[PDB]
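Just one chain follows, in the form solved without its partner chain, and it is written as structure tokens.
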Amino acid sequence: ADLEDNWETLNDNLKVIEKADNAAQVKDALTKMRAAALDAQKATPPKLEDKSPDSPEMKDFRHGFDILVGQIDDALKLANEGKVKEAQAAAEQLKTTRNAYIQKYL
């Protein structure tokens, strides 16, 4: 795969969400983030290429994305209910998960 590509998608869409004025814009951005996270979850970060695909590190790498997808889904539920501000707040917490789970592997 190509993590930097999905990584770009996640960053630009966080910006879209931050600047959004309506729920539909937030929903569309979250959709792109979910797709990007799903792709990234199947890739192997550079620091784990020599590791086993079933290694604790790879499982940690993949679980971080399960958590991310989970948070994205939580934000999507909010956006789908018309709660723009709450969904935007929810999206601000994604960086916390990314830095602690995935960042150490790049």
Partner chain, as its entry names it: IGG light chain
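Numbering follows the first chain given and starts at 1. Residues that one form lacks are left out of the comparison. Definition used throughout: the rigid core is the maximal C-alpha set that superposes within 1.5 Å between two forms.
Visitor: Do the CA atoms of 21-29 or those of 94-102 have the higher mean B-factor in the entry?
Guide: Higher mean C-alpha B-factor in the PDB entry: 94-102.
Visitor: With reference to the PDB entry, specify whether the mean Cα temperature factor is higher for 6-14 or for 83-91.
Guide: Looking at the recorded C-alpha B-factors, 6-14 comes out higher on average.
Visitor: According to the Cα B-factor stored in this entry, which of the following is highest: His63, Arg34, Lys77, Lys51?
Guide: Checking the PDB record, the top C-alpha B-factor among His63, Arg34, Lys77, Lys51 is at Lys51.
A second form of this protein, the form solved in complex with its partner chain, is not displayed here; the remarks below concern that form.
Visitor: Taking only residues present in both forms and a 2 angstroms threshold on CA movement, what segments of three or more in a row shift between the shown form and the other one once the core is aligned?
Guide: Residues 98-103 form the sole shifted run.
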